[PDB]
Amino acid sequence: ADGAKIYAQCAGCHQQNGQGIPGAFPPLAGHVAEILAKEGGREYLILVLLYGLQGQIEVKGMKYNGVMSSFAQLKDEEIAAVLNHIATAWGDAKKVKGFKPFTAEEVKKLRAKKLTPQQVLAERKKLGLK
């Protein structure tokens, strides 16, 4: 799959440049590294794409309280590809030591236990993110 093309086709919130919209849609550029640096961060990113997200969160010191839908209609390889895009397009992976590209088997394993958006929030909190 081509992660850049998949991303294009769903970039209307986080923007083609991944910088988001202040207060509305959080940034991905420069923030993916922050999540990947946490134990369980790569699994969390997969869960957001499979199952969506809701709840109050903080990103780069700004509060968000929005909703994101599931993208489970994407295949395992397509979720892996768009995560590799957001991890590399704006240099985020260059900040975390030992990063390896996302793989279809990681997504397959997590698709096997369905979560609600509210449970995805609980997983974010388990990472130590506010």
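We number chain A the same way Swiss-Prot does; the residues here are 2-131, in that order.
Each Cβ is built from the backbone N, Cα and C atoms, and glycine gets one as well.
Features as listed in Swiss-Prot:
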- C11, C14, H15, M69: heme c binding site (BINDING)
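Feature annotations (Swiss-Prot) mapped to structure.
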residue: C11; record: heme c binding site; Cβ contacts under 8 Å, 6 or more apart: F72, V83
residue: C14; record: heme c binding site; Cβ contacts under 8 Å, 6 or more apart: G21, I22, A25, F26, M69
residue: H15; record: heme c binding site; Cβ contacts under 8 Å, 6 or more apart: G21, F26, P27, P28, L29
Worksheet item: Where does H15 (heme c binding site) sit by DSSP, helix, strand or coil?
Response: coil
Item to complete: For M69 (heme c binding site), just count the other CB atoms lying within 10 A of its CB, please.
Response: 18
Practice prompt. For the heme c site as recorded (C11, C14, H15, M69), determine the largest distance between any two Cα atoms, in Å, rounded to the nearest integer.
Written response: 11
Worksheet entry | Additional residues around heme c, ordered along the sequence, whose Cβ is within 8 Å of the centroid of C11, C14, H15, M69 | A12, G13, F26
